[PDB]
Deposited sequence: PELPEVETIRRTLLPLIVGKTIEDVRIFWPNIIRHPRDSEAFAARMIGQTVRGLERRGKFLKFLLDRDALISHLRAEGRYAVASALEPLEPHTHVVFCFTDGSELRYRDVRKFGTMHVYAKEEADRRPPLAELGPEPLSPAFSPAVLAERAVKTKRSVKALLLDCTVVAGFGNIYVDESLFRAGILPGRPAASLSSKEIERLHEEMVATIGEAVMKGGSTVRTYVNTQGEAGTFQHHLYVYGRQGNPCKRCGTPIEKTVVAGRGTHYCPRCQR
């Protein structure tokens, strides 16, 4: 899931778990657990804590308990569900939080690619994976000025810059390509090559693109070989910043 979907998960999951108390934590793929390094310590420490809140930073979910925060990243295919301990688990369920009311918060991930870290709440923001995370794209903290300052100081492409979690939080591949198309900027452009006008336009399209998605369709992403919706030129796909990258070679320069 991308940022807007993670926000939807945050909003919908919270009422399904708030106020529940963890009675057991079962782990079927210990590698998902990144901190504490020992999955048995991870399980032991959460037992007895009650869920108090659920926040989002970038694409990270931050479960707030009594003493600890659980920081979870789902990557592309991770998913949470709340269900009865009496019913068989869905396939690819790797971690289950069992509540005293007989319900469970289950984490599934066919790719086994997501991560979990638990720290005392007051430490979470200054430890991985939240440490050094950039500002929320929809916050005043993410400004043209902030974007301009990062862009001038790097030799990287503008696409690489936008994918950098320290620059802006959780702005995914799809939204990078869409925003660059909407701003009329080629993804392979050196970030430092962007004018003030272009940085302003890019910031504006980033906010509009992800903001529109958060409230509730694609110009380029996955549309290679099909006509641009604005000019009819075939959309092209190449590798930029180590990712599949889609663009219109007429609309973007």
Sequence ranges without modelled C-alpha atoms (deposited numbering): 217-236
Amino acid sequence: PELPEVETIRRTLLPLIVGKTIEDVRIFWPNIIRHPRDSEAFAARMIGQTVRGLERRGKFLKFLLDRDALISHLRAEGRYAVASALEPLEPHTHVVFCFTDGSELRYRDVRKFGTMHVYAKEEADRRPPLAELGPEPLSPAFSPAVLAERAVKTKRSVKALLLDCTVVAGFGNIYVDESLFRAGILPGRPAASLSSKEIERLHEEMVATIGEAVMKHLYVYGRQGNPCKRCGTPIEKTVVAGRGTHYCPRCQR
From here on, numbers count along this sequence of modelled residues.
Average Cα temperature factor in the PDB entry - higher stretch of 89-97, 158-166: 158-166
Selected stretch [higher average CA B-factor]: 220-228 or 37-45: 220-228
82, 141, 120, 176, ranked by C-alpha B-factor: the highest one: 141
Deposited CA B-factor, highest of 146, 74, 180, 130: 146
Chain-relative CA temperature factor third for residue 11: middle
Ranked against its chain, the third holding the CA B-factor of residue 208: highest
Entry-reported Cα temperature factor of residue 17, expressed as the chain third it lands in: lowest
Third of the chain, ranked by Cα B-factor, where residue 188 sits: highest
Third of chain Cα B-factors occupied by residue 26: lowest
